[PDB]
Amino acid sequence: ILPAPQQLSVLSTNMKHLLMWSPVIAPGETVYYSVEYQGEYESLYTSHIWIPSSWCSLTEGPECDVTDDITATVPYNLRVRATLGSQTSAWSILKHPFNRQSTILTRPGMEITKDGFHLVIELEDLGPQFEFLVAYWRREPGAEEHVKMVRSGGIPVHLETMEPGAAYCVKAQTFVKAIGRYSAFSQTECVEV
């Protein structure tokens, strides 16, 4: 009698994965949910076994952050059931198994600073799944793109020691190695001394 959740979808942005569903609207206590998953390994090698999610074992909202769960670049199966005290609904399945390869990749955040002649950059902290390709150039007709890889986003990293001439420009994109994809570059932004 308790309806099993409908319209399951996954919302994946910068390698953070949100499992969503229509809430179950029923008179009783507060409706709680249980989400479980299985990676392609489990599907093929032990099809009848599901691993319970790391944060959605009986939680309120009609949503779930499965990020800590989808940790390999394979199709994952996700199911959710709703539960009102005694009554527990049927397991409802995601129509199309989710692969993180499809996460949406946002242009990285960027903060260019100057400690004197010293060009410095600190990128949005998108987490360990991410590396940044920073392109900086001395904005003159002859000069070329330099490229530096920056490993993480917490930190202020030294790009170059500018000379008094020209005005430097910088743009940035992400690289997620686990899925082999880049984001679009950030707006170019310039500076000088």
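Quick note: we count residues from 1 along the sequence shown, nothing fancier.
Just going by the entry, 27-35 versus 63-71 on mean CA temperature factor gives the higher value to 27-35. Higher mean CA B-factor, judged across 103-111 and 82-90 from the recorded values: 82-90. Within the selection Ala166, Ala135, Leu44, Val157, the deposited Cα B-factor values reach their highest point at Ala166. When the Cα B-factors of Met149, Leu58, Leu126, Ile49 are read from the PDB record, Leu58 comes out highest. Among all modelled residues in this chain, the alpha-carbon of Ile179 has a temperature factor (C-alpha) in the lowest third. Sort the chain's modelled residues by C-alpha temperature factor and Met20 lands in the highest third, per the entry.
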